[PDB]
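The opening position of the sequence shown corresponds to residue 35 in PDB author numbering, with each subsequent residue numbered one higher.
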Amino acid sequence: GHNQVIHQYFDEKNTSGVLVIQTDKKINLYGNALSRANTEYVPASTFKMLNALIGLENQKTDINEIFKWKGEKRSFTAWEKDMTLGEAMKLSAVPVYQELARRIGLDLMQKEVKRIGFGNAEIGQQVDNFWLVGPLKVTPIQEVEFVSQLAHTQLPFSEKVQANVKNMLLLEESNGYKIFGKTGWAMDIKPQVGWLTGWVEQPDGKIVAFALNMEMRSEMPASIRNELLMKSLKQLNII
Ligand SMILES: *[C@H](O)[C@H](CO)[C@H]1C[C@H](S[C@H]2CN[C@@H](C(=O)N(C)C)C2)C(C(=O)O)=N1
Numbered sequence: 035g036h037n038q039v040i041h042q043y044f045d046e047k048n049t050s051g052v053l054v055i056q057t058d059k060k061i062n063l064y065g066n067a068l069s070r071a072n073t074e075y076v077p078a079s080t081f082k083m084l085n086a087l088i089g090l091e092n093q094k095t096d097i098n099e100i101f102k103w104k105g106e107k108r109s110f111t112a113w114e115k116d117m118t119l120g121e122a123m124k125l126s127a128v129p130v131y132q133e134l135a136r137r138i139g140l141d142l143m144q145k146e147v148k149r150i151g152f153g154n155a156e157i158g159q160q161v162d163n164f165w166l167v168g169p170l171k172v173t174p175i176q177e178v179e180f181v182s183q184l185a186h187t188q189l190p191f192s193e194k195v196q197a198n199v200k201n202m203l204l205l206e207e208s209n210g211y212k213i214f215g216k217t218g219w220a221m222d223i224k225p226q227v228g229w230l231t232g233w234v235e236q237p238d239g240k241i242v243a244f245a246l247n248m249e250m251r252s253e254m255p256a257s258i259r260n261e262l263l264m265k266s267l268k269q270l271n272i273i
């Protein structure tokens, strides 16, 4: 439950970050830069959860559609293949989600982002990158409320669509526990911002939502986000 131990986890990874925990509409802050919880950052790949919800709800795609890789070089060799929406989610394959965003289009995407009230709810003019370099921004508190609502099926989408998207986010299934979540990493902005937003589904069915946000730098391994989150949830005895 301390609050000092988690501070030493972030102090030692040499980063600046906050961990927002939400249980049954009770928000707690942990980390070593608590004021991050209420400041806006670009959501980067965490926006894929909302992008899928909008795309599925509006029948611009479905969970069986195979997205064709048409041969262009991509940032990771793991992205250079045909894949479903859910595979693209698991690899954070942004080209697939940019194609979806073009299908949705500017009007529908702005109308939906504003109806949901996500972050500042501003998407500007380029429908396929407003979540990576602005103007869309979101606080980690707003991210933990968004993902909490998704876990409880309380977002303003149909329940089948929310359930479809929840099943793309299963990260870990050990001991009757389930961790769902989406990682993020905005590498093309300074300072870089790293995200790890999701929830724990405890064996009794209880839901604990989390939004880890930290400043990033090119040299760290991707798993630094999971390492900080995992040993924080073990310390608070959420797992
Ligand atoms: C894409 O917009 C962005 C989301 O914020 C990507 C970049 C980083 S790294 C990502 C690339 N593919 C995954 C991987 O390790 N491979 C090669 C399959 C991880 C990222 C993230 O993981 O937060 N999302």
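By construction, the Cβ of each residue, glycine as well, lies at the ideal position given by its N, Cα and C atoms.
In the DSSP assignment, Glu206 is bridged to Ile213.
Each of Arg108, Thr231, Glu156 was checked against the Cα of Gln56, and the nearest Cα belongs to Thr231.
Exclusion of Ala243 from the 7 Å shell around ligand 1 follows from its C-beta lying no nearer than that to any non-hydrogen atom of the ligand. Short of 8 Å from the beta carbon of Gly120, and not among the five residues preceding or following it, lie these beta carbons of its own chain, in chain order: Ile97, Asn201, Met202. Bridge partners of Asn247 according to DSSP: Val52, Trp229. In the DSSP assignment, no residue is bridged to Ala256. With fewer than 16 neighbouring CB atoms inside 10 Å of its own CB, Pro255 falls in the exposed class.
For the pair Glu177 and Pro190, the Cα-to-Cα distance works out to about 15 Å. With a cutoff of 7 Å, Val227 does not count as near ligand 1, since its C-beta is closer than that to no heavy atom of the ligand.
Between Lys102 and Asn163, the alpha-carbon positions lie close to 20 Å from each other.
Under the three-state reduction of DSSP output, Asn72 falls in the helix class. DSSP places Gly89 in the uninterrupted alpha helix (DSSP H) bounded by 82-91. Bridge pairing for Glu235: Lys212, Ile241 [DSSP].
Here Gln132 has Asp162 as same chain residues with Cβ atoms under 6 Å from its own Cβ, once five neighbours each way along the sequence are excluded. Using a C-beta cut-off of 8 Å, the region 211-230 makes no contact with the region 138-148, since fewer than three inter-stretch Cβ pairs fall below that distance. Residues of the same chain with a CB within less than 7 Å of the CB of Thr217, apart from the 5 flanking positions on each side, are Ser79, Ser126, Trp229, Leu230, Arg259 in chain order. Closest in alpha carbon position to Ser109, among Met221, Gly35, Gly151, is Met221.
In this structure, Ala67 sits near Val52, with a CB-CB distance shorter than 8 Å.
Of the other Cβ atoms in all chains shown, fewer than 16 fall within 10 Å of the Cβ of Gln188; this residue is therefore exposed. Pairing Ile241 with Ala197 gives a Cβ-Cβ distance that is not under 8 Å. Between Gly65 and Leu134, the gap from beta carbon to beta carbon reaches 8 Å or more.
For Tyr75, the closest of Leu263, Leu267, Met250 by C-alpha to C-alpha distance is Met250. Distances from the CB of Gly158 to the heavy atoms of ligand 1 are all 7 Å or more.
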